[PDB]
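So this first bit is one chain, no partners, the form deposited in one PDB entry, shown in structure tokens.
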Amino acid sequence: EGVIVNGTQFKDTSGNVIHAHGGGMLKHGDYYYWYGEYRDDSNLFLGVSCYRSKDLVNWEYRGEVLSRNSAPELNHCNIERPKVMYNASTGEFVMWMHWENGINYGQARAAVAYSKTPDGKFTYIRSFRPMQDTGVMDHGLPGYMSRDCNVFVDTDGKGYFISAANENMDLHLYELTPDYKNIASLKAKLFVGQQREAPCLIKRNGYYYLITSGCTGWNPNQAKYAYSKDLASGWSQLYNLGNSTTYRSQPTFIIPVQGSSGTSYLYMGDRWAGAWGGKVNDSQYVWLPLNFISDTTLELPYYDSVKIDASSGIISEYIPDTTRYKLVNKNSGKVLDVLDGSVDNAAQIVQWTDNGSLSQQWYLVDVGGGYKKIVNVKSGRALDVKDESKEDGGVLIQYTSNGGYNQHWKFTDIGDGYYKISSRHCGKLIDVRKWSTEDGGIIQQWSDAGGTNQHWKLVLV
């Protein structure tokens, strides 16, 4: 039962609430290590927790690899977004983070630590604003500002540290020295004046990807991403990721989960309790699979429940009710299908002859109220009203799950095993365009006219 429930606080094997906010993860040996921080009664840095696991669902407490006791300046301060990277050369784990006074946010500096072991007590080194010796001044103080940050290890073995500089208006990508504990140079300035936060740096197939968020404090916002063949330059424009609120979360880290089947990239986020006036420690977590339609096209779907099999390297949606269905039109006798049985995103929904194929099989996932999610079997995509249309003739497609109302459907029994399936957005029914009785008939959205081309029978298979 490797299933995770988003919008909640995961519990460790001990039965206690996991506290690793703004955290990250590292895969070393046979274990996945989850690091993170958590405030105390005075909303100050208490400790940087560390959880260990092989299945990625059941987590074991391993103590605080870093504490407010680890150093004198760690006593009364703010530490957030701690990340851990491994060095092949040295063989020691280097840890980076964001340091603040605990009185204000004027000291936008990075902090470093390290340990010979992953779950061992780390030894704090120092806090500093990158390029302090260069003499450069960034808003009153010497050295580039460094708030929201993240780490990345390239294929060539070069370490990288990224953080928001120039008043969180610019992103700075710093190249680390071979030891990962210091900054060698300023690799590049990314997305200047665009004010991107909570950056996540990853790589797939000679393509670098930078998942960022907006700057709106606790309030969830529109996450975006970009790609490039080179870290120095060639970066693309920002492309929207997830919905307008990134599913009520903020991106924190993205790691590749490799297994026997292949590689699935896991997305980690934080549902900051600050949104509803709660303390940081009451923040919940949101984990989702990061899918790659193409080298340039990324997808971040929201599943209220996610199934993970770290062994096989598969991250997909968890369907509570695996019961398969066919939707048969009353007038045509054809069933709900996907054009050319495609698994592509935004593929047109059409009616077709009952041929017992996969594309014609659908799950039904309850989502509260009288509404439900109609999910294709061959492709985990959901029945979607294109562009959230509210008009007659609005085409229906299969699209990535995004919690949108244009993906919620209510079934209304009209008798004899037939239903009127109305959208939650406007209330219009699933309709076969022009009463079509042939294969490939376009499935659309239309007002309840009482026609038989709007009546569908639910048939178990």
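The numbering used is simple: start at 1 and walk along the sequence shown.
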| item | value |
| --- | --- |
| Stretch with the higher entry mean CA B-factor, where the candidates are 343-351 and 277-285 | 277-285 |
| Comparing 381-389 with 207-215, the one whose average Cα B-factor in the PDB entry is higher | 207-215 |
| Top Cα B factor in the deposited entry, candidates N58, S401, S422, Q398 | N58 |
| Most elevated Cα B-factor in the entry, residues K27, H408, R433, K428 | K27 |
| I315 - Cα temperature factor, lowest/middle/highest third of chain | highest |
| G394, C-alpha B-factor rank within chain (lowest, middle or highest third) | lowest |
| B-factor third for the C-alpha atom of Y225 within its chain | lowest |
| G23 by Cα B-factor - lowest, middle or highest third of the modelled chain | middle |
| Relative C-alpha B-factor of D170, binned into the chain's lowest, middle or highest third | middle |
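We do not show the form deposited in another entry, though everything after this point is about it.
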| property | result |
| --- | --- |
| Test item, rigid-part assignment between the shown form and the other one: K203 alongside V343 | no |
